[PDB]
**Q** 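Starting off with a structure, shown below.
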Amino acid sequence: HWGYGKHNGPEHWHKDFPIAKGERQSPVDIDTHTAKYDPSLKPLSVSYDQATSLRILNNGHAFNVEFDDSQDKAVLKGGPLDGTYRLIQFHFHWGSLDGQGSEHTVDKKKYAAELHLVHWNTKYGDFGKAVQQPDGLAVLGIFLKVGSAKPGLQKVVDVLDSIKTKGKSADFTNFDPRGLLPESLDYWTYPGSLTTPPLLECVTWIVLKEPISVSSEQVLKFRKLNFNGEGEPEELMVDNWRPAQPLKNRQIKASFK
Ligand SMILES: OC[C@H]1O[C@@H](O)[C@H](O)[C@@H](O)[C@@H]1O
Ligand SMILES: OC[C@H]1O[C@H](O)[C@H](O)[C@@H](O)[C@@H]1O
Ligand SMILES: NS(=O)(=O)c1ccc(O)cc1
Ligand SMILES: NS(=O)(=O)c1ccc(O)cc1
Ligand SMILES: NS(=O)(=O)c1ccc(O)cc1
Ligand SMILES: [Hg+2]
Ligand SMILES: [Zn+2]
């Protein structure tokens, strides 16, 4: 199975997922000097007031907080997007050390972690059909740096001891994802892919410029999770990030002058 070890990590994925060498792979380095302000971008609308979180799952490569996506509640509209994209799950990627962990980089700088809020385009009816489309998904990416604690992350941190190993889940109702956002919605956007197998080229990426701050204690609890299942040799869930991929024939647009 694919993973993040020496023997099954990002450099191996292309053997079972040849799109790994494709024309619009993610993540990428965001060269802030080359990114261009785009006046055609409409205002971005993150509308999470009616979000319904359900469950948190250790899937063996990260943990996902899952949402009710059976109707428009938590949605993402505007910016580069045509129509309405519904929140289905969020998850993070993080490092073994604070100096790495993000997937996107900013002028080559790696953050300690990166949050991905995953949305699917409602015109395609559900997530599975959306990932057959070049505009099926929108992922809102948010960098994490280590400093002050993020109060809106603490409920997540505290449940991780109940989902230590692959295949474990827990109830995670009444969680407000608005508590994970920075103040500013300034962003960069480009067309890309899922960053994990199957690496499908279906994503409009919207990467916020302002990081959130989380405490060292918060990210240390991410690093106590396990890639393995219960009863198997313990392999800490760390360094579950894909490195930056070639930009190829793409431009990164900025929402801000
Ligand atoms: O031909 C000029 C155009 O080139 C494109 O590559 C840029 O994205 C546009 O912003 C620019 O107006
Ligand atoms: O909001 C997410 C979760 O936060 C805390 O763990 C609460 O104790 C739990 O009831 C809730 O489901
Ligand atoms: N191409 S892959 O990363 O999914 C992979 C790599 C090694 C392996 O033994 C099985 C799968
Ligand atoms: N009652 S509370 O929302 O302040 C709370 C609950 C659980 C938790 O791990 C952190 C905070
Ligand atoms: N890491 S990611 O946000 O690009 C992502 C989102 C959904 C998914 O099924 C696989 C990967
Ligand atoms: Hg997995
Ligand atoms: Zn991700």
Side-chain angles (χ1 to χ4, degrees), residues 2-5 8-10 26-33 35 56-65 89-118 139-160 162-163 165 175 177-188 192 194-196 205-223 225-228 234-245 252:
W2 71 266
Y4 296 96
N8 63 356
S26 295
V28 299
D29 181 54
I30 300 166
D31 178 335
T32 68
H33 291 103
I56 191 173
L57 172 66
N58 179 333
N59 63 20
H61 52 270
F63 63 85
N64 289 2
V65 174
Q89 55 104 329
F90 70 77
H91 61 274
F92 302 80
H93 307 261
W94 63 90
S96 53
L97 303 158
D98 298 344
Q100 64 187 34
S102 65
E103 297 209 302
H104 296 88
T105 55
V106 178
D107 299 326
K108 298 295 180 77
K109 184 261 178 57
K110 297 173 165 77
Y111 285 90
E114 187 173 329
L115 166 60
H116 291 162
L117 294 128
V118 181
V139 182
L140 182 61
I142 304 177
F143 297 118
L144 281 61
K145 67 179 183 185
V146 172
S148 62
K150 191 69 165 174
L153 182 60
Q154 190 62 33
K155 283 174 155 189
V156 174
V157 168
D158 287 332
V159 81
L160 297 182
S162 72
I163 58 154
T165 51
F175 179 77
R178 296 179 295 174
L180 296 173
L181 307 177
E183 283 182 3
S184 177
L185 297 178
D186 286 350
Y187 65 86
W188 298 284
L194 305 180
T195 69
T196 49
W205 277 95
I206 299 169
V207 179
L208 299 188
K209 173 170 174 292
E210 186 173 21
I212 61 168
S213 293
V214 305
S215 65
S216 185
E217 291 80 0
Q218 290 178 317
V219 70
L220 282 160
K221 290 176 175 183
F222 284 15
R223 301 184 186 128
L225 288 164
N226 283 185
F227 285 129
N228 56 283
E234 187 179 32
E235 191 65 40
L236 295 175
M237 183 179 284
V238 295
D239 294 317
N240 59 348
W241 50 276
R242 190 190 194 189
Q245 302 300 307
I252 303 183

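Scope of the values below: all heavy atoms of this structure, side chains included, with no hydrogens, waters or symmetry mates. Numbers here are sequence positions counted from 1.
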**Q** At their closest point, which heavy atom of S96 faces which heavy atom of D239, and how far apart are they?
**A**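 Of all heavy-atom pairs spanning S96 and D239, the closest is OG-OD2, 2.7 Å.
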
**Q** Enter the distance from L144:CG to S213:OG here, rounded to the nearest 0.5 Å.
**A**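 The CG atom of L144 sits 8.5 Å away from the OG atom of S213.
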
**Q** For a 4.5 angstrom cut-off between non-hydrogen side-chain atoms, does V214 reach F92?
**A**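 Side chain of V214 against side chain of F92, heavy atoms only: no contact under 4.5 Å found.
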
**Q** Looking only at heavy atoms, which two atoms of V159 and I56 are closest? And how far apart?
**A**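 Scanning both residues completely, I find the closest heavy atoms to be CG1-CD1, 3.6 Å.
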
**Q** Any side-chain heavy atom of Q89 sitting closer than 4.5 Å to one from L57?
**A**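 No. Closest side-chain heavy atoms not under 4.5 Å.
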
**Q** Do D107 and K109 come within less than 4.5 Å of each other through their side chains, counting heavy atoms only?
**A**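 A side-chain contact is absent here, since even the closest heavy-atom pair is not under 4.5 Å.
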
**Q** How many angstroms lie between OG in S216 and NZ in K221, if you round to the nearest 0.5 Å?
**A**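 So the gap between those two atoms works out to 11.0 Å.
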
**Q** Evaluate side chain to side chain contact (heavy atoms under 4.5 Å, CB included) for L225 paired with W94, printing each intermediate quantity in order.
**A** CA-CA 11 Å; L225 288 164; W94 63 90; 4.0 Å; yes

**Q** Nearest 0.5 Å, please: how far is CG in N58 from CG in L160?
**A**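 So the gap between those two atoms works out to 9.0 Å.
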
**Q** Decide yes or no for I206 and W188: does some side-chain heavy atom of the first lie under 4.5 Å from some side-chain heavy atom of the second?
**A**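 The answer is no, as the side chains (C-beta and beyond) never meet within the 4.5 Å cut-off.
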
**Q** Shortest non-hydrogen contact from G3 to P10?
**A**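 Heavy atoms only, the tightest pair is O-CD, 4.0 Å.
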
**Q** Taking all atoms of both residues into account, what is the closest heavy-atom pair of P182 and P211, and its distance?
**A**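 Closest pair (atom of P182, atom of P211, distance): CB-O, 4.0 Å.
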
**Q** State which residues pass side-chain hydrogen bond (donor to acceptor under 3.5 Å, both in side chains) with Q154; sequence neighbours excluded, sorted by chain then number.
**A**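 Only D158, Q218 meet the side-chain hydrogen bond (donor to acceptor under 3.5 Å, both in side chains) criterion with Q154.
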
**Q** Do you know the tightest heavy-atom contact between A62 and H91?
**A**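 Closest approach of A62 to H91, heavy atoms only: CB-CB, 4.4 Å.
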
**Q** Taking atom NZ of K145 as the centre, report whether more than 12 heavy atoms of other residues, nucleotides or ligands fall under 6.0 Å from it.
**A**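 Open.
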
**Q** Indicate yes or no: at least one non-hydrogen side-chain atom of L185 is less than 4.5 angstrom from one of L208.
**A**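 The answer is yes; the side chains approach within 4.5 Å.
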
**Q** If you measure from CG on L117 to CG on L140, what distance do you get to the nearest 0.5 Å?
**A**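 The CG atom of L117 sits 5.5 Å away from the CG atom of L140.
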
**Q** Taking the side chain as every heavy atom from C-beta outward, state whether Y4 and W241 have any atom pair closer than 4.5 Å.
**A**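 Side-chain contact under 4.5 Å: no.
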
**Q** Closer than 3.5 angstrom, by distance alone: can the side chain of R242 be matched with the main-chain N or O of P27 as a donor-acceptor pair?
**A**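 Absent.
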
**Q** When rounded to the nearest 0.5 angstrom, what distance separates OG1 in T165 from CD in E234?
**A**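 Nearest 0.5 Å value for the OG1-CD distance: 10.0 Å.
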
**Q** Does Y187 reach the side chain of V207, with side-chain heavy atoms less than 4.5 Å apart?
**A**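 Counting from C-beta outward, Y187 and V207 never come under 4.5 Å.
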
**Q** I need the full list of salt bridge (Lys or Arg N to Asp or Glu O under 4.0 Å) pairs touching residues 94-106, with sequence neighbours left out, sorted by first then second residue.
**A**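 Checked against salt bridge (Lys or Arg N to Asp or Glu O under 4.0 Å) - neighbours excluded - the pairs reaching residues 94-106 are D98-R223.
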
**Q** If you take the centroid of each ring, where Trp contributes its six-membered ring, are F90 and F63 closer together than 6.0 Å?
**A**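 Ring centroids of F63 and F90 are no less than 6.0 Å from each other.
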
**Q** What distance do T105 atom OG1 and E114 atom CD have between them, rounded to the nearest 0.5 Å?
**A**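 Rounded to the nearest 0.5 Å, the OG1-CD separation comes to 9.0 Å.
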
**Q** Report the relative orientation of the aromatic rings in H61 and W2; use parallel for angles under 30°, tilted for 30 to 60°, perpendicular for over 60°.
**A**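 Answer is tilted, since the angle falls between 30° and 60°.
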
**Q** Any side-chain heavy atom of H93 sitting closer than 4.5 Å to one from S102?
**A**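 The answer is no, as the side chains (C-beta and beyond) never meet within the 4.5 Å cut-off.
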
**Q** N228 and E235: side-chain donor and acceptor closer than 3.5 Å?
**A**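 Absent: no donor and acceptor within the cut-off.
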
**Q** If you compare all heavy atoms of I252 against all heavy atoms of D29, which two are closest, and at what distance to 0.1 Å?
**A**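 The pair with the smallest heavy-atom distance is CD1-O, 3.8 Å.
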
**Q** Let me see the working for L236 and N226 under side chain to side chain contact (heavy atoms under 4.5 Å, CB included), right down to the final yes or no.
**A** CA-CA 5 Å; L236 295 175; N226 283 185; 4.0 Å; yes

**Q** Would you please indicate if the ring centroids of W205 and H104 are separated by under 6.0 Å?
**A**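 So the answer is yes for these two rings.
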
